[PDB]
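> Got a sequence here, can you model it:
(chains A and B)
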Amino acid sequence: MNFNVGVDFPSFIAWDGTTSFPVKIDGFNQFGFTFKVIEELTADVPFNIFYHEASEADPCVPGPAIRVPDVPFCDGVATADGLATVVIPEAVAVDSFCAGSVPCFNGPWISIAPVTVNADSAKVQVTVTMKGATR
Amino acid sequence: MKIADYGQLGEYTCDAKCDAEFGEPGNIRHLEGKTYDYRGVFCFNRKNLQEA
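Numbering: from 1, shown residues only, chains lettered A, B, ... in the order given. Right below this line is the structure:
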């Protein structure tokens, strides 16, 4: 009777309106984000993407946050400052969800947090999905 | 000729990046040397050399 998918496509919380939780992508070879809003916004809310590096003291503890660099495509343009960001537009509705991801991995951990902390930033929930274990 | 170094060119990069990076080229050098001179002299006396 069971059709469990949590064994093949686990999910973890990355932002919940109060705290950002580093997520681990070392054991997986694909992943993506997922944005949902729980109440009407006042304006667009931008997010900054970070990655962490293994700490020197402990081989299994995230280090300090490092900004993720941009990666322009063939027919396209780069970001104003060469970094990567995602902005949630004001047109979004409470009953919709949005998906996005970065083209490259960089560090073994990943994270996301708003550019500023305010009332609007608390209305968004961010989740990270994996797509397969390699170990 | 002396081949001091070979350098490294390639690297592992993401698939999204359509470009490629520039490495560090090798380093060739030229050298040279010399030769040296060994010299001496000795003298005799004809009468003694003939009579000995």
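
> Next, count neighbours for residue A:83.
Here the neighbour count serves as a burial measure; for residue A:83 (other C-beta atoms under 10 Å in any protein chain shown) it reads 13. Using the backbone N, CA and C atoms, a C-beta is placed for each residue, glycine as well.

> Report the contact partners of it.
Residue A:83 sits next to A:48, A:67, A:68, A:69, A:70 when contact means C-beta atoms under 8 Å, 6 or more residues apart in numbering or on different chains.

> hang on, residue A:105 packs against residue A:25?
Yes. With contact taken as C-beta atoms under 8 Å, residue A:105 and residue A:25 are classed as touching, separated by 6.6 Å.

> For whichever residue of chain A sits closest to chain B, pull up the helix or strand it's in.
Taking C-beta to the nearest C-beta, chain B has its nearest neighbour within chain A at residue A:103, 3.8 Å off. Counting by DSSP states H and E, residue A:103 is held by no secondary-structure element, helix or strand.

> There's contact between it and residue A:71 in this structure, I believe.
Yes. Counting by C-beta under 8 Å, residue A:103 sits close enough to residue A:71 to count as a contact (4.9 Å).

> before we move on, which element is the residue nearest the centre of chain B in?
Nearest to the centroid of the C-alpha atoms of chain B, with distances taken as C-alpha atoms, centre = their mean, sits residue B:31, at 3.8 Å. Of the helices and strands defined by DSSP H and E, none includes residue B:31.

> From residue A:131, how far off is it?
Using C-beta to C-beta, to the nearest Å, residue B:31 is found at 58 Å from residue A:131.

> just residue B:23 next, same as before
Residue B:23 sits 34 Å away from residue A:131, going by C-beta to C-beta.

> now could you export just the CA positions of stretch B:14-33 as CSV?
The C-alpha trace of stretch B:14-33 is given here as CSV (Å, rounded to 0.1, in the frame of the first residue of the first chain):
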residue,chain,number,x,y,z
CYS,B,14,31.1,23.6,-14.3
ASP,B,15,29.0,22.6,-17.3
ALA,B,16,27.1,25.8,-17.3
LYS,B,17,30.2,27.9,-17.9
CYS,B,18,30.5,28.1,-21.7
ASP,B,19,33.9,29.7,-21.5
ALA,B,20,37.3,28.3,-20.3
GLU,B,21,40.2,29.6,-18.2
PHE,B,22,43.8,30.5,-19.0
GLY,B,23,46.5,28.5,-17.3
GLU,B,24,50.2,29.1,-16.5
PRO,B,25,52.6,28.3,-19.3
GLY,B,26,55.9,26.5,-19.0
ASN,B,27,59.3,28.0,-18.6
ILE,B,28,62.3,27.2,-20.9
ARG,B,29,65.8,28.5,-20.4
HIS,B,30,69.2,28.7,-22.1
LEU,B,31,72.6,28.0,-20.5
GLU,B,32,76.3,28.0,-21.5
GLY,B,33,79.7,27.0,-20.2
